[PDB]
Amino acid sequence: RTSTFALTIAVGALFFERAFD
Amino acid sequence: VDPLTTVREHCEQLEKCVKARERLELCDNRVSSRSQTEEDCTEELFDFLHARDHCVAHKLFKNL
Amino acid sequence: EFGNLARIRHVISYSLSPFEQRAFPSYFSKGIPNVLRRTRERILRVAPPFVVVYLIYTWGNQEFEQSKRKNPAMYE
Amino acid sequence: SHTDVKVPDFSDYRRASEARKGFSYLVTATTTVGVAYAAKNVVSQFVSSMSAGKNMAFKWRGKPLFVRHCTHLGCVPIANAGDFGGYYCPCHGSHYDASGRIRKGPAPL
Amino acid sequence: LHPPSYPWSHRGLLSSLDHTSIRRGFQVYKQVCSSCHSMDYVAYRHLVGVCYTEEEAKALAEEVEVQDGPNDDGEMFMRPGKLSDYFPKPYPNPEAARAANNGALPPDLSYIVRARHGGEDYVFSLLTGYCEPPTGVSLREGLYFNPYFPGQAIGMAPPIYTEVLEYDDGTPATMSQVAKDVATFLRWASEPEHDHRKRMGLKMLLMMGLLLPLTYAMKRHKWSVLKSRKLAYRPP
Amino acid sequence: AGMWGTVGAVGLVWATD
Amino acid sequence: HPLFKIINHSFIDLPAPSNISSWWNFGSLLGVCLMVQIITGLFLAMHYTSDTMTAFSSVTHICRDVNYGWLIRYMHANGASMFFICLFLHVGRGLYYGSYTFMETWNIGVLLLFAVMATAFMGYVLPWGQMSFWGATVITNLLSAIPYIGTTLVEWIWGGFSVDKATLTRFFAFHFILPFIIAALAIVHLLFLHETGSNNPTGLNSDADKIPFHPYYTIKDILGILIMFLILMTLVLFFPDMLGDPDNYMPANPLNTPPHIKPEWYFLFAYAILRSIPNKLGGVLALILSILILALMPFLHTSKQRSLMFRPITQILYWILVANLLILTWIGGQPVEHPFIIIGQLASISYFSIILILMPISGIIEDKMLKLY
Ligand code: HEC
Ligand code: HEM
Ligand code: HEM
Numbered sequence: 017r018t019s020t021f022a023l024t025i026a027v028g029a030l031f032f033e034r035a036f037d
Numbered sequence: 025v026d027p028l029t030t031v032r033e034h035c036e037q038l039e040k041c042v043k044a045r046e047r048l049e050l051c052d053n054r055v056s057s058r059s060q061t062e063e064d065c066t067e068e069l070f071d072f073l074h075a076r077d078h079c080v081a082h083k084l085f086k087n088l
Numbered sequence: 004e005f006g007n008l009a010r011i012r013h014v015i016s017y018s019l020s021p022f023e024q025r026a027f028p029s030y031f032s033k034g035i036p037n038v039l040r041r042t043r044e045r046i047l048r049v050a051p052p053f054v055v056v057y058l059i060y061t062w063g064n065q066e067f068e069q070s071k072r073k074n075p076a077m078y079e
Numbered sequence: 079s080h081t082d083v084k085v086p087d088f089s090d091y092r093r094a107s108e109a110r111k112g113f114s115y116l117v118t119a120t121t122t123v124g125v126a127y128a129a130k131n132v133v134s135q136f137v138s139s140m141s142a162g163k164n165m166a167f168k169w170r171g172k173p174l175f176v177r178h217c218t219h220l221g222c223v224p225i226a227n228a229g230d231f232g233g234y235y236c237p238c239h240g241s242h243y244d245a246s247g248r249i250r251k252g253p254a255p256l
Numbered sequence: 089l090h091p092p093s094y095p096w097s098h099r100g101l102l103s104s105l106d107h108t109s110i111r112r113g114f115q116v117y118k119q120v121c122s123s124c125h126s127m128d129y130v131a132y133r134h135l136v137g138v139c140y141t142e143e144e145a146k147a148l149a150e151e152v153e154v155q156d157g158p159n160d161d162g163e164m165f166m167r168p169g170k171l172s173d174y175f176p177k178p179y180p181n182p183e184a185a186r187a188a189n190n191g192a193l194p195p196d197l198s199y200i201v202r203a204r205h206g207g208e209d210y211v212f213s214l215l216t217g218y219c220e221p222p223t224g225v226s227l228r229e230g231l232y233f234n235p236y237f238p239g240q241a242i243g244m245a246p247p248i249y250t251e252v253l254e255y256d257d258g259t260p261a262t263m264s265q266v267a268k269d270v271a272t273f274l275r276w277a278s279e280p281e282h283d284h285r286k287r288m289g290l291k292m293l294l295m296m297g298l299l300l301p302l303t304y305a306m307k308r309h310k311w312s313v314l315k316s317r318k319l320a321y322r323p324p
Numbered sequence: 021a022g023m024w025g026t027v028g029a030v031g032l033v034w035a036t037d
Numbered sequence: 008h009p010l011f012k013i014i015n016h017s018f019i020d021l022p023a024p025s026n027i028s029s030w031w032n033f034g035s036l037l038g039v040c041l042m043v044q045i046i047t048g049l050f051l052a053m054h055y056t057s058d059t060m061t062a063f064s065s066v067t068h069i070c071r072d073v074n075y076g077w078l079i080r081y082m083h084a085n086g087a088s089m090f091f092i093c094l095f096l097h098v099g100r101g102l103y104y105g106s107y108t109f110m111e112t113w114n115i116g117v118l119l120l121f122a123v124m125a126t127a128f129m130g131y132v133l134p135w136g137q138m139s140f141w142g143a144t145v146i147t148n149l150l151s152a153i154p155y156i157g158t159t160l161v162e163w164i165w166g167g168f169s170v171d172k173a174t175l176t177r178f179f180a181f182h183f184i185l186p187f188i189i190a191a192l193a194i195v196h197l198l199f200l201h202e203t204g205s206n207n208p209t210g211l212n213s214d215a216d217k218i219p220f221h222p223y224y225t226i227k228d229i230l231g232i233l234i235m236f237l238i239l240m241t242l243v244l245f246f247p248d249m250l251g252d253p254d255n256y257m258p259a260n261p262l263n264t265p266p267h268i269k270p271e272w273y274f275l276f277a278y279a280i281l282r283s284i285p286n287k288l289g290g291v292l293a294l295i296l297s298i299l300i301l302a303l304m305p306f307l308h309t310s311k312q313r314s315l316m317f318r319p320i321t322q323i324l325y326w327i328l329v330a331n332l333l334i335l336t337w338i339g340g341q342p343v344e345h346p347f348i349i350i351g352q353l354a355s356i357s358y359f360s361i362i363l364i365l366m367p368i369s370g371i372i373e374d375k376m377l378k379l380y
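Protein chains in written order, with PDB author numbering: chain AJ, 17 to 37; chain AH, 25 to 88; chain AG, 4 to 79; chain AE, 79 to 94, 107 to 142, 162 to 178, 217 to 256; chain AD, 89 to 324; chain AK, 21 to 37; chain AC, 8 to 380.
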């Protein structure tokens, strides 16, 4: 789903930040 | 004992530095060879210097 | 704007769906051979000037070097 | 004519359906995630740059250190003035007692 | 003369400064170089590093009383310093330095390495390259022959000798060890962020290695459509 | 659109931290 | 919607040629860079003062203390370098593919270059180092060359007998405005171009094959932005001083000067040209012409083909022009002594003779070979 696509992506960027940081 | 001195000495021992030194020695001898001349040797001095110095860095920092 | 651009006639233009065509056609495998072809075709006209340049730079450096180089004999 | 020419073979480009789509989306998702990751980092540090019966004061720590024997809008209360023998802030009329407690006016604390 | 190459450890692409040495080079500056040079832009707070944490810096911060504090009129030197205290200066006025430096100027060394072409090397070379003046050498005032020095008349007095000082760590204080160590510190101060940055650069390389093929794959998705388009001319 | 509000909120928390 | 119509008209439904190569990315990169230079310049301006008293210091503070200052400052400097790299490749694309026949776009263009050059001197002089000081005096004195009103003009700009605080503070504003200025001039650029549309590497009328811009040349510009950011961050985070001159970290010695003084690389050749002409005035003029010769370029096109894709002799002359432009960039660096000087003199003679004489004659010969002339 497009909306969920963005949603999971936002969350993905969310956690990735911490992990990458 | 400064490893710098030792390494410098060692590098000089390197045949390359030995030959570079040969040049310098011949050239510094040349400095005293003539008076009215302008055989400063700074050029040859620098020549040997850099050559030897390369060798030095090539094997000084590790001792450092 | 699109429409009213050119009087192009009888030019059928078939196409394939993005998700239907292989996602990433090999570039190194297929494209670069042609790229090599492409580059080799022009390089034969591109590097020649630079070929000349490098030479100039090299000669100049050493030349200037010798220029600075002083002769013991000079003023000896 | 209408039927003389059949669609040319695109198999050369053709890939072997929703799975394919999902993978492609997955790619976009990851990339968006990457963009976002950088965003939090860049924006945060980006913003981070802008980041760093008598009274007497010695401007300790860059602020008036009242020592004696405005909660409202931050002016200097004037010592030895007011209706509560402590302080008064000429800005909006807050009267502080000697204890520095706001007794009258609009000063909150 | 073109200073040759040198294998500085911190200079490693993803590697960083060796604070131990940095520390040692800060000692070298404090005991030798500070008499004519001062890390003005560097403060004890700036000095902080694995070499010297704020705590150690505090010791050094409290280790000085020079111009750290002013008096009733803020003249001369009147009080010791603390963490915020910036590095002490050997001279309260440029003239002072000039006076105590053959009339010449001992430059503060905060950004010295950055300033000098091939600084780290130059520094090392100058401090340890006086060499020998074969001929035509007339050093006028407090000068020291050094082919590495542009004029071979450095006037930067050679202040380092075998056991010039004593490293608290105990690492033999050979002229070179001393020179190399202080070099590290000087470099560290010139770019207090050298280590900080290289970590960013590593994260940047990892993120670009992740993101460039993925953005290339998107682009090649949306451009495949055209790159497969087959045109045919069918005049009636 | 409903989830967009939610999506933004999630990312917002992350970014704001 | 009257605001979204212009945005649609210039970025989404704009008919673009389908076959434009990566070069055509570069101008968009320039716009992104300008943005970067400007935004970086803002923070650089923040925590910064135009005072010789505190200009060099707060900047060192930026390099040392300002939160992420070292990052924003070196991003600003290497983004100016990236701006000039993208500018030179944009101008080279315009010269190679015959895009100068869009004459109004080219003139907004040639002017744009002069402006960007100035912003460089501006940004350059601003940190108040040894090199900035001695560089400013040098180019400001360039103006003194003017035959009659030169002295006055120089003194005006300096705002005094010699560059001093008076200059630093005013140069600060130009370097805060010229950026805004150039930005607008670029906007003019985009308008004068959409009236005609972009060119293609074949140089032919691409009206039969045009595609949208949103999904085809947007993701391409995004990829080019990502690659340019990769090169910019590997310039900032790994080799932050390979393009600058260490002299910068030397508070200006109002009294002393750098034994070796050189203008920055982007202009190195420009000055190389000056060094070549013996007469001071001649140098200044030639220097100007160096940039201006480009404006003069749309009147020198004598070929019946717009692009150089099908023109091999003029391709050879173009790459010889790029070659001696690189030679002039090298010479500027070299000091004044044999034989650097002669090369400089020839290289300048060859540069002006290739642009002025050799390319139209070659285009006439190429038209004769195709039985057109
Ligand atoms: C007791 C005196 C003294 C000590 C100790 C001293 N210097 Fe200097 N230094 C000077 C003087 C005097 C000058 C000015 C020379 C001039 O301006 O011509 C100078 C100038 C310099 C310069 C400027 C040369 C140039 O390239 O422009 C450097 C670099 C320098 N010193 C490095 C050092 C380093 C590195 C140390 C120790 C690790 C050191 N100095 C210790 C007296 C000293
Ligand atoms: C309006 C936007 C801009 C502002 C506010 C601005 C502001 C500044 C400031 C305050 C500095 C001094 C800090 C420093 O030393 O780096 C500076 C330096 C500089 N700026 Fe700008 N700038 C802007 C745009 C530009 C642009 C577009 C260019 C490119 C042409 C440019 C090129 C430079 C250069 C080369 C320096 C010298 C960097 C150095 O010290 O090595 N700036 N800018
Ligand atoms: C301030 C610096 C400049 C910026 C920001 C800039 C920006 C742009 C942009 C965004 C475009 C549209 C994209 C493109 O055509 O690829 C463009 C087109 C163009 N620019 Fe520039 N430009 C600048 C300077 C110049 C200069 C100095 C010249 C002349 C040498 C020039 C010549 C052109 C030409 C000929 C085109 C049309 C090329 C084509 O599409 O075929 N520009 N510019």
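No residue lacks a Cβ here, since even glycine has one placed at the ideal position from N, Cα and C.
Would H134 (chain AD) pass as an interface residue toward chain AC - the criterion being a Cβ-Cβ separation below 7 Å? For the purposes of this step, residue 134 (chain AD) is taken as residue 46 along the fifth sequence, with counting starting at 1. Yes, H134 (chain AD) counts as interfacial toward chain AC.
Where does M249 (chain AC) land, buried or exposed, given buried means 16+ other C-beta within 10 angstroms? Reading the seventh sequence from its first residue, position 242 is the one you call residue 249 (chain AC). By the 10 Å Cβ count, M249 (chain AC) comes out exposed.
Once DSSP output is grouped into helix, strand and coil, what is the label at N164 (chain AE)? Your numbering for residue 164 (chain AE) matches position 55 in the fourth sequence. Here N164 (chain AE) sits in strand by DSSP.
So the candidates are AC:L49, AC:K287 and AC:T321; which of them puts its Cα closest to the Cα of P52 (chain AG)? Locating residue 52 (chain AG) in the third sequence gives position 49, counting from the first residue. Minimum Cα distance to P52 (chain AG) is reached at AC:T321.
Could you tell me if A81 (chain AH) is buried or exposed, where buried requires 16 or more neighbouring beta carbons within 10 angstroms of its beta carbon? Here residue 81 (chain AH) refers to the residue found at position 57 when the second sequence is read from its first residue. So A81 (chain AH) ends up on the buried side.
Establish whether the CB of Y75 (chain AC) and some CB of chain AE are separated by less than 7 Å. On the seventh sequence, residue 75 (chain AC) is found 68 positions in, with the first residue counted as 1. Interface residue, yes.
Identity of the residue in AC:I146, AC:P266 and AC:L301 nearest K287 (chain AC) by Cα: What you label residue 287 (chain AC) is simply residue 280 of the seventh sequence in a count that begins at 1. Closest by alpha carbon: AC:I146.
Hey, is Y91 (chain AE)'s beta-carbon within less than 7 Å of any beta-carbon in chain AG? The residue given as residue 91 (chain AE) occupies position 13 in the fourth sequence. Yes, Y91 (chain AE) counts as interfacial toward chain AG.
Who does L319 (chain AD) pair with in a DSSP beta bridge? The residue labelled residue 319 (chain AD) in the question sits at position 231 within the fifth sequence. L319 (chain AD) is bridged to AG:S16.
Pair every Cβ in the region 226-240 of chain AD with every Cβ in the region 153-164 of chain AD, then say whether three or more of these pairs are closer than 8 Å. no
Can you check whether the C-beta of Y199 (chain AD) is within less than 7 Å of a C-beta belonging to chain AH? In the fifth sequence, the residue the question calls residue 199 (chain AD) occupies position 111. With 7 Å as the cut-off, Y199 (chain AD) does not count as an interface residue toward chain AH.
May I ask you to report which of helix, strand or coil DSSP gives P246 (chain AD)? As a first step, residue 246 (chain AD) is located in the fifth sequence; it is residue number 158 there, counting from the start. Reduced to three states, the DSSP call for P246 (chain AD) is coil.
What alpha helix (DSSP H) runs, 4 residues minimum, are completely inside the region 39-96 of chain AC? 62-71
Would you check if the distance between the CB atom of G239 (chain AD) and the CB atom of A192 (chain AD) is smaller than 7 Å? Taking the first residue of the fifth sequence as 1, we reach residue 239 (chain AD) at position 151. Taking the first residue of the fifth sequence as 1, we reach residue 192 (chain AD) at position 104. No, these two residues do not count as a Cβ contact at 7 Å.
Would the region 245-255 of chain AE count as touching the region 71-78 of chain AH if we require 3 or more Cβ pairs under 8 Å? no
Can the beta-carbon of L294 (chain AC) be found less than 7 Å from the beta-carbon of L281 (chain AC)? As a position in the seventh sequence, residue 294 (chain AC) is number 287, starting the count at 1. As a position in the seventh sequence, residue 281 (chain AC) is number 274, starting the count at 1. Going by C-beta atoms, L294 (chain AC) is nearer than 7 Å to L281 (chain AC).
Could you have a look at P27 (chain AH) and say whether DSSP puts it in helix, strand or coil? In the second sequence, counting from the first residue as 1, residue 27 (chain AH) sits at position 3. Three-state result, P27 (chain AH): helix.
Examine chain AJ for any beta-carbon lying closer than 7 Å to the beta-carbon of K130 (chain AE), and answer yes or no. On the fourth sequence, residue 130 (chain AE) is found 40 positions in, with the first residue counted as 1. Chain AJ contact via Cβ: present.
In angstroms with no decimal places, state the Cα-to-Cα distance between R76 (chain AH) and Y358 (chain AC). Sequence index remark: in the second sequence, residue 76 (chain AH) carries index 52 (1-based). Sequence index remark: in the seventh sequence, residue 358 (chain AC) carries index 351 (1-based). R76 (chain AH) and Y358 (chain AC): Cα-Cα distance of roughly 43 Å.
To the nearest whole angstrom, what separates the beta carbons of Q137 (chain AC) and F90 (chain AC), a pair I think is in contact under 8 Å? By 1-based counting over the seventh sequence, the position of residue 137 (chain AC) is 130. By 1-based counting over the seventh sequence, the position of residue 90 (chain AC) is 83. Between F90 (chain AC) and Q137 (chain AC) the Cβ distance is about 24 Å, and since that is not below 8 Å, they are no contact.
Between AD:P92, AD:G169, AD:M164 and AD:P178, which lies nearest to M127 (chain AD) when the distance is taken from Cα to Cα? Translated into positions along the fifth sequence, residue 127 (chain AD) becomes position 39. The shortest C-alpha separation from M127 (chain AD) is found at AD:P178.
Pull up the DSSP beta-bridge partners for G232 (chain AE), would you. As a first step, residue 232 (chain AE) must be located in the fourth sequence, where it is residue number 85. In the DSSP output, where bridge partners are listed per residue, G232 (chain AE) has AE:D244.
CB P95 (chain AD) to CB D209 (chain AD), shorter than 7 Å? Start at 1 with the first residue of the fifth sequence, and residue 95 (chain AD) comes out as number 7. Start at 1 with the first residue of the fifth sequence, and residue 209 (chain AD) comes out as number 121. Taking 7 Å as the Cβ cut-off, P95 (chain AD) and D209 (chain AD) do not qualify as a contacting pair.
Do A143 (chain AC) and ligand 2 come close, with the Cβ less than 6 Å from some heavy atom? Position 136 of the seventh sequence holds residue 143 (chain AC). No, since every heavy atom of ligand 2 falls outside the 6 Å radius drawn around the Cβ of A143 (chain AC).
Is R45 (chain AH) closer than 7 Å to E36 (chain AH) when the C-beta atoms are compared? In the second sequence, the residue the question calls residue 36 (chain AH) occupies position 12. In the second sequence, the residue the question calls residue 45 (chain AH) occupies position 21. Yes.
Given that a residue counts as buried once 16 or more other Cβ atoms are within 10 Å of its Cβ, and exposed if not, what is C222 (chain AE)? On the fourth sequence, residue 222 (chain AE) is found 75 positions in, with the first residue counted as 1. Burial call: exposed.
Less than 6 Å between the CB of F183 (chain AC) and some heavy atom of ligand 4, yes or no? In the structure on display, ligand 4 does not appear, and the ligands it does have are ligand 1, ligand 2 and ligand 3.
Measure the Cβ-Cβ separation of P367 (chain AC) and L307 (chain AC) and say whether it is below 7 Å. By one-based count along the seventh sequence, residue 367 (chain AC) stands at place 360. By one-based count along the seventh sequence, residue 307 (chain AC) stands at place 300. Contact: yes.
7 Å Cβ cutoff, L274 (chain AD) in contact with chain AE: Numbered from its first residue, the fifth sequence carries residue 274 (chain AD) at position 186. Not one chain AE Cβ lies under 7 Å of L274 (chain AD).
Per DSSP, what kind of secondary structure is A23 (chain AC) in: helix, strand or coil? Along the seventh sequence, read from residue 1 onward, the residue named residue 23 (chain AC) stands at position 16. If DSSP states are grouped into helix, strand and coil, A23 (chain AC) belongs with the strands.
Return the chain-ordered list of same chain residues with a C-beta closer than 7 Å to the C-beta of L171 (chain AD), the five sequence neighbours on each side being excluded. Locating residue 171 (chain AD) in the fifth sequence gives position 83, counting from the first residue. Answer for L171 (chain AD): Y132, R133, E142, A145, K146 and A149, listed in chain order.
Rounded to whole angstroms, what is the Cα-Cα separation between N37 (chain AG) and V117 (chain AE)? Here residue 37 (chain AG) refers to the residue found at position 34 of the third sequence. Here residue 117 (chain AE) refers to the residue found at position 27 of the fourth sequence. Their Cα atoms are separated by approximately 28 Å.
Any heavy atom of ligand 3 closer than 6 Å to the CB of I189 (chain AC)? In the seventh sequence, counting from the first residue as 1, residue 189 (chain AC) sits at position 182. At least one heavy atom of ligand 3 is nearer than 6 Å to the Cβ of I189 (chain AC), so yes.
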